[PDB]
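J.: take a look and give me a structure for this.
(5 chains, ligands or ions: 1)
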Amino acid sequence: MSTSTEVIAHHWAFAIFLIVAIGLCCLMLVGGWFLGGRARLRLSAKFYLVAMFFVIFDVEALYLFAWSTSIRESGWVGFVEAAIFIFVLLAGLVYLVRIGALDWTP
Amino acid sequence: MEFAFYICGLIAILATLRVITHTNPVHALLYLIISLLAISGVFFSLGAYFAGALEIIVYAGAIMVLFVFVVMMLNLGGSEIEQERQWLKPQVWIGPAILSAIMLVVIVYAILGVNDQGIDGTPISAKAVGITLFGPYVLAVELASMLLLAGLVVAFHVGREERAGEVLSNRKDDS
Amino acid sequence: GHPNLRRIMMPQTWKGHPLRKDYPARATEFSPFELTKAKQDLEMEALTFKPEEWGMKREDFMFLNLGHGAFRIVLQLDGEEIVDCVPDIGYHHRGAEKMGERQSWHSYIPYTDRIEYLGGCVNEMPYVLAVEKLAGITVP
Amino acid sequence: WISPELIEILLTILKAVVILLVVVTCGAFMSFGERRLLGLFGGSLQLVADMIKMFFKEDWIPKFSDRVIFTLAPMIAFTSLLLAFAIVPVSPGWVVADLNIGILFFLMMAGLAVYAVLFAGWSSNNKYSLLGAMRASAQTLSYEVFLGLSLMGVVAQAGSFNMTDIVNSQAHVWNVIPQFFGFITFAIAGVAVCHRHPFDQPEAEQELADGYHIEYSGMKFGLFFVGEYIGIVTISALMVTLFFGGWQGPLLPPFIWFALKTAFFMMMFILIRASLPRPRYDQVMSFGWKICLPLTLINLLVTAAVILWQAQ
Amino acid sequence: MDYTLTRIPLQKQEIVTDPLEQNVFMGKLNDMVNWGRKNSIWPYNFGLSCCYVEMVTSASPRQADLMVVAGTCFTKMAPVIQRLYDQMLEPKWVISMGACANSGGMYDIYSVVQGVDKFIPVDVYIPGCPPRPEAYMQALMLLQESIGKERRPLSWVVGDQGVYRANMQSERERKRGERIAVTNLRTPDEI
Ligand code: SF4
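T.: Numbering: from 1, shown residues only, chains lettered A, B, ... in the order given. Have a look at this structure:
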């Protein structure tokens, strides 16, 4: 909205804050550059495993992100479905613990 | 706030156009990151705050992270394909782009002619999405949890090394 | 019948033999041209690396120079696990013995201190005892 | 062309620049204090002298590297955790972002923060720094995976993302005592995302890996340093406004109370830096998955049960 | 006092006066730049044989704008010293610890370069087998004074692109009175 004369002030402040932080960083780099004077292999699969754990548990976390807003608007049936969601999530988690995908062991 | 939507859409189109026709993939992933940022700005311009929040939380915060992980992991620099430059030639670039432009022309002919009340304000809060997502969509979240579990299980089964060490050479068929 | 018989204290681009009596035990004039040759050699050491002069076995095997003191140790890699290594030494060569042929029996005591700096007096003990054996001195 | 609406919006702009300058200054003051009260185990002009030196130095661009992402990684490391502070209220009328998604924006910034390490590792044409950036990115992903759940504890107790709603739902009791598990998990996750001392130099357990901070010189490394410190002070501000009382106090002014509690968290961070030794990598991963994520999931379940039990 | 100008070991140096005696805003801003470079000095202690371990009791390159050459100048390690010198970025300063970095330093032999003075410029020398950490600290103060009285180009675009090193009075002439005016010392038969 652009007509409530206080949230539009907050929007202007937010946009100016963003653009002036970016401008401050740009001008700091510009001052660093201008002033001062001049003169095969492969990593692993465990990094992929932990990043895949991050993204999969992140989507299973965004489901709880959506749930946590309506935690009191929804009833106990919402608690039951979130409980079985977290239960199967922890079942997969303890599967990853007990198999050994979640350990490093250097 | 329609000007922000137009600017975000234009720079999203330009960013994904530079994604399609770039040589090395790290700048392609960076352009796709700013394309996802522009798509999130489009989401914020249409009142879908939770959608853009999930776009930079997950789509620009977990998926591109995984792509950059793989790129910096197996040390690909686009080599042995970037010396060919086959996608900067008419015989490869003209055909499929013509086919996709025909698809675009017919689908935007399908877009036009529909009645349009127009995009209004009243942004959809994440609270309403939480009510609907754990309301009529219980089976959606449970079976999507099982979908993510299945994807985790498969990519663990396929993308595990079974070797040792944090540095491994690209040996043919892993001996 | 010696594998990889090469210079261990001096670089391979060294003409004379230092501990020979005809070799002068003095620092010659420092030419920057030789130092630039050695800098260029250090720049292309990993590029023109030939693992036959080092006494190495010629796809996993990756050759790298790993730079108490400081010394290089070349390493042959099967991934992370290490299969062969020749520690390159001689980077701290002070010529203590060749200066022993130069200093007298009394002026060489600091040079006996400076071979092992943590020991010091422990390291000037054996020279003093051997010198007393030569002189026939029984200390009280 | 003076109008009251223009006066109000210009005052809001001035307040935004004031809070930006004061958070940069307080991050630099955190740097100066971390220099000061570590040696005991005016002097503030050495900070300005160091800034003058880093400004007046010759920059390096590596001849084999690419300019844009090598110079854009410090941009991410600075401004992502800088604009993470825009959501934090310091007073009833001194906030710059009153948006509906009050903490999801911090989650966006924390998700984007790993690209600084990734781009540093790729642009720095050095395989050891690349491996160290790989390890650091894996660490911050494995420890940011539960940051969202540790914050959903407070969101589930309050009912909305907005920070004003958090500090108005904390009007009777502060959130640290009902959710202490959420407090400690959020503190650990904020330390690890910010790449502070216990989760610092993950390349220390290996010698084929070096830090991603190398191959930078001058203002780029300086930007990395001050970006880490604005990140830790905005994590302190988020922690106080989400678990302690946001600008809430008996007699002192609300902004004074918020600054005092933020500095209290800063001295606590200095203390936990001085006390706890560095663990190695394997218990870092093992803890950050096995002990951290089931505990915050159980915390979310228990807080759901107790807020639905007393539902009237 | 008068300065030497280096402009674009084998280069030529000439002894001229400082350009600040020829503007008032440039004088104080150059003073602030020299103050900032003087107060915050980041060292790169080079790891060598037996002066490096002595200053241990007292970081990565290219952020440390200062090199402290400690040990003996070996002919194999001299290219490493020069390469690590060209790694660092202008402005850079050199402190030599021990006799082995100033001169040959008890090793006038085939495998020892007679100091780093042969191939890199040195700002501050410290004499003697291993100097005390307090000697290193007093060399730091002396070099801070030398940096504080300097005239370097503030930018590579506008201004004189030449470095002006000050001719400091030598420490033996400055401290001559307090050294010659020493009458008696403690006998070495006690502690
Ligand atoms: S001056 Fe003495 S302590 Fe220092 S490097 Fe030379 S021999 Fe070693």
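J.: just the helices from the stretch 51-200 of chain D, written as ranges.
T.: D:67-83, D:104-112, D:114-123, D:127-144, D:147-158, D:163-169, D:180-193 (DSSP state H, counting those that start in this stretch).
J.: which elements pack onto the fifth one?
T.: With contacts defined as 3 or more CB pairs under 8 Å, 6 or more residues apart in numbering or on different chains; DSSP states H and E, the packing partners of helix D:147-158 are helix A:46-69, helix D:104-112, helix D:163-169, helix D:180-193, helix D:219-243, helix D:293-309. Every C-beta, even on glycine, is put in place using the N, C-alpha and C of the backbone.
J.: ditto for the fourth one
T.: With contacts defined as 3+ CB pairs under 8 Å, 6+ apart, helix D:127-144 has these neighbours: helix A:46-69, helix B:64-73, helix D:114-123, helix D:180-193, helix D:281-286.
J.: what about the closest residue to chain B within chain E, how many residues nearby?
T.: Here the residue of chain E nearest chain B is residue E:60; by CB to the nearest CB that distance is 21.2 Å. Residues lying near residue E:60 (other CB atoms under 10 Å in any protein chain shown) number 15.
J.: next one: phi and psi at residue E:112?
T.: Torsion angles at residue E:112 (phi, psi; degrees, to the nearest 10) stand at phi -120, psi 120.
J.: what about the helices in chain E?
T.: Counting by DSSP state H, one finds helices in chain E at the ranges E:25-39, E:78-87, E:98-102, E:133-148, E:171-174, E:176-180.
J.: which of those sits closest to chain D?
T.: helix E:25-39 (2.8 Å).
J.: report whether the closest one contacts chain A.
T.: No: contact of helix E:25-39 with chain A (CB under 8 Å from any CB of the partner chain) is absent, the minimum separation being 8.8 Å.
J.: tell me if that helix is near chain D.
T.: Yes: judged by CB under 8 Å from any CB, helix E:25-39 and chain D are in contact via E:32, E:33, E:35, E:36, E:37, E:38, E:39.
J.: what is the burial count for the second one?
T.: Counted by other CB under 10 Å, the residues lying close to residue E:33 total 21.
J.: might one say that it is in contact with residue D:52?
T.: Yes: counting by CB atoms under 8 Å, residue E:33 does reach residue D:52; the two are 6.2 Å apart.
J.: tell me, how many neighbours does the residue of chain B found nearest the ligand end up with?
T.: For chain B and the ligand, the shortest gap (CB to the nearest ligand atom) falls at residue B:167, measuring 36.6 Å. Counted with other CB under 10 Å, residues neighbouring residue B:167 total 20.
J.: what residues are up against it?
T.: Neighbouring residues of residue B:167 by CB atoms under 8 Å, 6 or more residues apart in numbering or on different chains: A:41, A:42, A:43, A:44, C:77, C:79, C:80, D:131, D:208.
J.: how near is the residue nearest to it when sequence neighbours are not counted to residue C:132?
T.: Taking CB to CB, 6 or more residues apart in numbering or on different chains, and ignoring the residues beside it in sequence, residue B:167 has residue C:80 as its nearest neighbour in space, at 4.6 Å. Using CB to CB, to the nearest Å, residue C:80 is found at 53 Å from residue C:132.
J.: kindly report the same for residue D:140.
T.: Taken as CB to CB, the span from residue D:140 to residue C:132 is 66 Å.
J.: picking that back up, can you list which of the contacts of residue B:167 are found in helices?
T.: Using DSSP H, the contacts of residue B:167 in helices are residue D:131.
J.: which one is the residue lying farthest from the centre of chain A nearest to, not counting chain neighbours?
T.: The outermost residue of chain A relative to its centre, with distances by CA atoms, centre = their mean, is residue A:39 at 43.0 Å. Distances taken as CB to CB, 6+ apart put residue E:90 closest to residue A:39, at 4.3 Å, once the chain neighbours are dropped.
J.: pretty sure that neighbour contacts residue A:37?
T.: Yes: using CB under 8 Å, residue E:90 makes contact with residue A:37 at a distance of 6.4 Å.
J.: of the two, who's got more company?
T.: residue A:37 (19 against 15).
J.: quick one: neighbours of the closest residue to the more buried one other than its chain neighbours, just the number.
T.: Spatially, and ignoring its direct neighbours in sequence, residue A:37 is nearest to residue E:153 (4.2 Å; CB to CB, 6+ apart). By other CB under 10 Å, the residues close to residue E:153 number 22.
J.: residue contacts, residue E:153?
T.: Listed by CB under 8 Å, 6+ apart, the contact partners of residue E:153 are A:37, E:159, E:160, E:161, E:162, E:163.
J.: got the phi and psi for it?
T.: Dihedral angles (degrees, to the nearest 10) for residue E:153: phi -70, psi 120.
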